[PDB]
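One-letter residues, chain by chain:
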Amino acid sequence: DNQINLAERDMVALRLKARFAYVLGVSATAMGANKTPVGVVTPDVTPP
Amino acid sequence: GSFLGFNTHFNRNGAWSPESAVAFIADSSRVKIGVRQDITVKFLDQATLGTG
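Residues numbered from 1 in each chain as written, not as in the entry; some residues may be left out. Chains lettered and ligands numbered in written order. Part of a larger assembly, values for the part shown. Heavy atoms only, no water.

For this entry, the PDB record names cryo-EM as the structure determination method and reports a resolution of 2.4 Å.

Here the focus is the interface of chain A and chain B. With four residues of chain A in contact, the opposing surface of chain B contributes six residues. Taken together, the two surfaces of chain A and chain B that pack against each other cover about 370 Å², and 57% of this comes from carbon and sulfur. Viewed at the interface, chain B and chain A are joined by zero salt bridges. One can count two residue pairs in polar contact joining chain A with chain B. Of the residues that constitute the side of chain A that touches chain B, the class distribution is one nonpolar, two polar and one charged. (Contact = heavy atoms within 4.5 Å. Buried area = accessible area lost by both parts, 1.4 Å probe. Salt bridge = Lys/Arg side-chain N within 4 Å of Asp/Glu carboxyl O. Polar contact = N/O pair within 3.5 Å; in protein donor to acceptor, adjacent residues only side chain to side chain. Nonpolar A, V, L, I, M, F, W, Y, C, P; charged D, E, K, R; others polar.)

What follows is the structure, encoded as structure tokens:
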């Protein structure tokens, strides 16, 4: 029911695509074996 | 030859409705046909037609 035949409906489309990867270098340092290179400040969720 | 003083056009593509009219007489300055796109052809070879 969702089928669009582009040529039959007199339509065209753009397809946009990209290929990406991400790596985090969790590794040993001079301090020891399993050290994470990122920290976070999380929001204040506690009412006064 | 009776119709002098008209530009005469004959319908020959089967569009005429002889039960409705014998002829139309008009002021041609007052009728306009807008041609937004004249007949264009596309060759289709990968496309899909219909559904289900």
